[PDB]
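Tertiary structure, described
Here is what each chain is made of, one letter per residue.
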Amino acid sequence: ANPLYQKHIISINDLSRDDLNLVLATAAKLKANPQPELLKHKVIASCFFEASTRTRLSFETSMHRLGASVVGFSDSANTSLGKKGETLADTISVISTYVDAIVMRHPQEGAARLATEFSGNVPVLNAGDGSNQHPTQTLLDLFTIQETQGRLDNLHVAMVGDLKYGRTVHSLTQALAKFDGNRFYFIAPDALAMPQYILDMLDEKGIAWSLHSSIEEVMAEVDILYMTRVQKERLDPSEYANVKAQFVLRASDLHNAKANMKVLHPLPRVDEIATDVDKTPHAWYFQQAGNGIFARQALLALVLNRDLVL
Amino acid sequence: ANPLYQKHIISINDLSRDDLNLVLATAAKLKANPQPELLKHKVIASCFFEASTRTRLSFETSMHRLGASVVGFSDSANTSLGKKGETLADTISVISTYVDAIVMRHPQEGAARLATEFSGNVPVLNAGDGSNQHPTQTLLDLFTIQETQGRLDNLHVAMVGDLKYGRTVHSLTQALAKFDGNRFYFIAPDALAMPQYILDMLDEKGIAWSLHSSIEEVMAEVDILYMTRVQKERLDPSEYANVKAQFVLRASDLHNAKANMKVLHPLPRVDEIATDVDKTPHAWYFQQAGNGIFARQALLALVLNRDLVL
Amino acid sequence: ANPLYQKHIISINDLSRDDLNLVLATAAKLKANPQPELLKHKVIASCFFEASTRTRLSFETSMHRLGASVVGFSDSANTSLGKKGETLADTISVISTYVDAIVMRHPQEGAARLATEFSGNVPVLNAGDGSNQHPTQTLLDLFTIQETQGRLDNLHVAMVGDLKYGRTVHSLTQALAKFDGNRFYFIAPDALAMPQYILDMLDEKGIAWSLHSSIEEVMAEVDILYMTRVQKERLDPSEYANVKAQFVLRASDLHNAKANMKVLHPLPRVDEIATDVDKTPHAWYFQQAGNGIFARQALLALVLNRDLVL
Amino acid sequence: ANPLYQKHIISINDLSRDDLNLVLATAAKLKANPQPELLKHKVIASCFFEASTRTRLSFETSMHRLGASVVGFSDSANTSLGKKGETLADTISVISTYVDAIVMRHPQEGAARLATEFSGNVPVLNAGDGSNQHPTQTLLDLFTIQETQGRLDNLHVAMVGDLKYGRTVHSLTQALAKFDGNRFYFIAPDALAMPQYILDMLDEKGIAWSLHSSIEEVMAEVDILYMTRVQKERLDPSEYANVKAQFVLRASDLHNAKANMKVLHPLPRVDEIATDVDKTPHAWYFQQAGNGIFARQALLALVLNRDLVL
Amino acid sequence: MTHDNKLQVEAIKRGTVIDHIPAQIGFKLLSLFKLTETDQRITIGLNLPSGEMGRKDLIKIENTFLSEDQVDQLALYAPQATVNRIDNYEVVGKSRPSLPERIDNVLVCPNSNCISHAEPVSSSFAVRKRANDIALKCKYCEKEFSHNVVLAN
Amino acid sequence: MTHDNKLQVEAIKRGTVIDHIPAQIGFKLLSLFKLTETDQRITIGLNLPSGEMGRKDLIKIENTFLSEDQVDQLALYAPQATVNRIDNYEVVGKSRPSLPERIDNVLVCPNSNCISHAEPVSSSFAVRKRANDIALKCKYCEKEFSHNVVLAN
Ligand SMILES: Nc1ccn([C@@H]2O[C@H](COP(=O)(O)OP(=O)(O)OP(=O)(O)O)[C@@H](O)[C@H]2O)c(=O)n1
Ligand SMILES: Nc1ccn([C@@H]2O[C@H](COP(=O)(O)OP(=O)(O)OP(=O)(O)O)[C@@H](O)[C@H]2O)c(=O)n1
Ligand SMILES: [Zn+2]
Ligand SMILES: [Zn+2]
């Protein structure tokens, strides 16, 4: 069957470079030649125990552009399951008798991995688990990097913002470190810098990285600028408003950027990216959210279909 | 293509008499000869940032009787998007990469019009925006008036209740003033009367109107009686309970009504219409809510299909 | 024994001119020589079933400046009474079993008067019952007119703002009509006009009033300018802002005000009186709030004392 | 008249060494012979716009032990002020119209200082303004150091915990730098380090400090060990637990503590000081809280009294 | 180059001169229409002793010709003004403002539930009914207000 | 005479001339310090040629003697601006801005939780040149920021 046929998609750590390439290869075919009746008669459950409108809607629109049905929920301060006394294990054990696949986002880390031990042979796909993993975000980021730059190796990638707690930036660095020659520039407030584990990993593979202080410092060499949002709560309002002449992106700062340089942001972007960046050629955060559809179509198609010729 | 093919449906002001007739002509064909696989493979987003169960369900049942898929939400004190810091413009910009059309109801006026500038060429349909517009209500009212009376011109239409703030009664008067010869009777508590703008418009076109004090005063000449609900909060409990021997409708009051006179109410009808009116021939508020299906099927079909032969 | 001894102060319509003057002459003495132990050993209940901080803190402070102990609750933050199904008659029959007077605010009109049927002869003083009465706010307003103008008769009093729902403008008009030769100027938007029952009472007593739509039509003649807040809930967003929001006093409008003219406002003032008015000698809204201390002290003193030697 | 007579106690940076010693010598006398009627007939407002039970109950009890009456609110449970749109300037201009001093806690920094522009000459005592100051907690800590150590100079003071966001460690460091020859040992995880502006002030005054990462590096030399609580919100779940949660004092670590060494903690302590420490003679956190009574009594006495005979 | 003086300052080589600005509207105009973000030499005379208004304001912007639609955005604030266009020390053009059909960006919808407050859109008002007194309708909320009301705030 | 500079010079009789306003601060200064809120003659020149110091701005305010404290305020914006009083057709005092003790009114606290944002208060900051920068401490929140963080916002 394909390598991922009914396999669980829980951590990017668990997927080899070849699996990442298979997903990104499929997503480019589904983007080119749609197959709207591919999962006809499958019912997927969209169990968002934690609410995320943009992630839930990208996923359910993936399910529906391949023809599947959707049952599910989002529990912001509401809706019965888990409850208290109702284990996650018993929720899964019961829902895996109803559906053909489970996409779930949950607030405690490893919830998706616990699910895997109770879903029978129903596959579970992680849409976010606490501060651990969010593999379908990384898959769409890499699809956006591959589709704009033409390759996933030998890139000068700048990562900016809360590097300490952006889950997406920890994942993207693992992933990009399965390909070759990538150079990393990490621009963070030192209260919010890369954990030494990402950094220690990167040196065992020999990957080059540098820490900088402002994007103006690397603007000129950079292919992908990946901005992350800075979490107001983890900072005092007065240090948050104090950091240099900031680390926000304005079109003035881009006047130096390479012609193929692209600004990606997992979104929301409250103020780290101004409105004028939106109209430069380098703005790519909204096209990046449209590629979410193609990345998650690819994962669902490969998981639920044995062989897929497209 | 048809006149409305991928056009935005934001204000009744923006649709000519001919467009209103095209919609009402289509809705009568969709009511006669169903086409359940007309929007097959389209995904519509039902973004109710403001909850309205009856409007949301009429719309999603429209989407589904034409075969479309639905992703969406209703945010009563819950669900992530807009948030604070997350602009409506960025919600639309992101969702218009996922779907083929956006139906949305929002609490601030003009939200649907702002959406139009961010949805790309994805059409947006207004399901309510603050106290400004609700075009799909007016379309179903006119379909109900056309289907019961046989015409939309030369009608004696009585409007009753909170004329000052019923958004539906402001819209219905614009709309009915695009056809000819209509006479209007406005029965309101003077704390809650027609704005002078509806009235000033009506006189520039030469349309006849009179203000009355009780339905008993016009019962005999009237073809459509359109009751609106009276908003308890905008009144003191003691003036609310004091108004004459009321302006509520009972079957006793109908003993005079013309045989083809019809009582319409956008609903809910807490107490302005008693239970006994429900069984007279003149009660038409529930059939009026069933015509909602046919009106919104017509708008969706025309917007998303180029040419439609039915 | 003084006339108010052990009376319930429930409504302004129950207090005669003589009653009004006796309270105001006592307030003037307590303001002049304190009597900090007059209510020694008395315990008073401050039951605010509806929260009102401003009013509660004045009432309790003036209980404390005469030596009384205070027990009680501010609720509208579920502090346990009304649970199980305790009628107000029962709550008041248990609280009158151990306090010497009840001060009480409640959301429904008539609640203080009912308390009066269950309190034995523990006096009930009303601090607000829904949209009905508030005697203690009219007593302090009157005291502030008297003390700054030297009289309560032959006044030219303008009332500006929402005259339809402001329960304090209604009561101060009823109180001032107890006195002679006062002239009223009402300046209200059309939707917030002074009700008929007030106007009709003024006519029947031969008192002069007129409607004006600008304060500067009347500035020159005016002694007390009593401003009210328009609650924007009572209008819509656009109505409030449209022409109607010019019931706002700026310092420049006071150009030609009589040297004795005073601006009064029960408070919160949000924007109907601009900040620059405060520096003028005519601003008396805060000194008016300070006078709530002597009018509330006087009522407690007169009600709990047989004979008051002054 | 004493120097503090009718002063606003807003910040520790405004009180001189002499001011600090005068308060502490008064606290020592009131602790020794009570003066339970010194503030007889004074009424004080205890406005806690942000709830803080511990602090409110100390402030009110010490108002009660000098004979003052208290009126006021604990909010952060919607008790009506701030509704309509009452600015804090206006709330304080009405409350200063009838109380003799305002004690006040508020969520925003600077709020007590602003109250000072509107209170006339009713003293404002700050009980916490956001992350800025808390003078009365530093006055009681100082009093407890003085009273147990016999001096406020030549001390070896260790500060352990979250030194970055603990507003009390920042202030006690500024107060102790008013005095001579004190030595500071800071023991903080890397993310919770003592800010530069503190460190820079210490350097500029020639005062000695050092960073250590274990309490047992310094136990032997230490006189006051001032522990703070790490709020786990400030870190992630795993960070808090990983190596960093060893800022926890157990009884065994006190093995070689000087006989005079005292452990202080503003409280709540949740787990940074283990329960078995309480039986040691060095545990002084609760006796420290008892001393908040005499330091708050002294400030009220010195501020409301011209001449204090002791 | 020609003999300036300041009571009515003189001649720029080519550019625009907006003269007979009411008084205290000149700086309002510089603020609102961001006329200041040019590297060109701008000369401005404020509260000046002349044409009948008595005092009046004046702005001279060398090397920029703003016109037709720009001159018309000036009509709500300075309708009496003349907008001289100069080439080679001579007034080759003398224009006046007339009411436009649209006023973008400069106004603020007085309706507080309007969505335009919070978002990266420009304000826009449809204009109507010349000199008996102007109504402006928001593009977004479609509420029609009185110009003096939007113009207050 | 001509090596153009002046051309029919707006020589004023009595007033203050603020010269060398270092380009683009010229308009800031008017708005911020509300210098047009007067009825006397102002003549403003923007982006003047001043080959000798690049490009500059210059405000001339008649019969007005903006001073001492008022002059020191401008130090944060136009640190090299020379004010010149004039009592009778020439310079009778040329004064440079010195960094002041406090900067009131004009400036905003970066601290979003600082109470100065929602309230009827005039901002105030204590000024301190920590040679390299100037730190500004808010009166209210007592937080201290790089003058550059404040002057962005
Ligand atoms: N090269 C020139 C020529 C004229 N002006 C300005 O052009 C304005 C008006 O042009 P003009 O028709 O020459 O004088 P008027 O006849 O007074 O124009 P109007 O009657 O419209 O005021 C004057 O204010 C003058 O400052 C100028 O600055 N530069
Ligand atoms: N009758 C006068 C005299 C002087 N000024 C102005 O006052 C300023 C004073 O500069 P000045 O001492 O006359 O010679 P400068 O070299 O220009 O002074 P600086 O060193 O500041 O460049 C000049 O801009 C000039 O326009 C004026 O308007 N009217
Ligand atoms: Zn609007
Ligand atoms: Zn501040």
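Residues numbered from 1 in each chain as written, not as in the entry; some residues may be left out. Chains lettered and ligands numbered in written order. Part of a larger assembly, values for the part shown. Heavy atoms only, no water. Residues with missing side-chain atoms left out of burial classes, pairs and counts.

The record names X-ray crystallography as the way this model was obtained, at a resolution of 2.5 Å.

Describing the site of ligand 2
Residue and element names in this part refer to chain F. Defined as follows: We call a residue near a molecule or strand whenever a single non-hydrogen atom of that residue lies within 4 Å of it. Each polar contact in these results corresponds to two N or O atoms within 3.5 Å; when the atoms are within protein, one needs to be able to donate a hydrogen and the other to accept it, and residues that are neighboring in sequence are counted only if both atoms are side-chain atoms. Only the protein chains shown count as cover for residues, and the accessible areas themselves come from Shrake-Rupley with a 1.4 Å probe. Strands here are runs of E lasting at least two residues and helices are runs of H or I lasting at least four, both read from the DSSP assignment and numbered beginning at the N terminus.
For ligand 2, the set of nearby residues contains 13 residues, the closest of which are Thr-82, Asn-84, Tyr-89, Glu-90 and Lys-94. Within the side chain of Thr-82, one N or O atom sits 2.8 Å away from an oxygen atom of ligand 2. Note that an oxygen atom of ligand 2 is positioned 2.9 Å from one of the side-chain N or O atoms of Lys-94. For ligand 2, whose accessible area on its own is 590 Å², the fraction buried by protein is 65%. Those elements that provide at least two residues to the shell around ligand 2 are β1 (15-21), β4 (82-86) and β5 (91-95). Of the residues forming the shell around ligand 2, the biggest block, three residues, is contributed by β4.

Points about the coordination of the zinc ion (ligand 3)
Residue and element names in this part refer to chain E. Rules: Metal donors: N, O and S atoms at distances within 2.8 Å, or within 3.2 Å for Na, K and Ca, with water omitted from the atom set so that some sites may seem incomplete. Metal sites are grouped by the angles between bound donors: all angles between 85 and 135 degrees with four donors is tetrahedral, opposite donors over 155 degrees apart with the others between 65 and 115 is square planar for four donors and octahedral for six, and any other pattern is irregular. Note on exposure labels: buried denotes an accessible area under 20% of the residue type's maximum, exposed denotes more than 50%, and partly exposed covers the range between, all computed with a 1.4 Å probe on protein chains only.
Only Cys-109 (SG), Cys-114 (SG), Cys-138 (SG) and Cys-141 (SG) from the protein reach the zinc ion (ligand 3) as donors, at distances of 2.3 Å. Here the zinc ion (ligand 3) binds four donor atoms, and the angle range of 102 to 114° at the metal identifies the geometry as tetrahedral. In this structure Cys-114 comes out as buried when scored by relative accessible area, which is 1%.

Some points on helix α5 (residues 135-149) of chain D
All names here are of chain D. Selection criterion: The span one expects for a helix is its residue count, reduced by one, times 1.5 Å.
The end-to-end C-alpha distance of α5 is 21 Å, a good match for the 21 Å that 15 residues give at a rise of 1.5 Å each. Among the 15 residues that make up α5, 12 are buried, leaving the element largely enclosed by the rest of the structure. Here α5 has its buried residues at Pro-135, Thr-136, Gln-137, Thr-138, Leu-139, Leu-140, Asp-141, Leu-142, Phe-143, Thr-144, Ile-145 and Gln-149. With its phi angle positive at about 75°, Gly-150 sits one or two positions after the end of α5.

Digging into the coordination of the zinc ion (ligand 4)
Residue and element names in this part refer to chain F. Protein coordination of the zinc ion (ligand 4) is provided by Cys-109 (SG), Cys-114 (SG), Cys-138 (SG) and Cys-141 (SG), with donor distances spanning 2.3 Å. Of note is the zinc ion (ligand 4), whose four donor atoms meet at the metal with angles of 103 to 117° in an arrangement that counts as tetrahedral. Here the donor residues of the zinc ion (ligand 4) are spaced in sequence according to C-x4-C-x23-C-x2-C.

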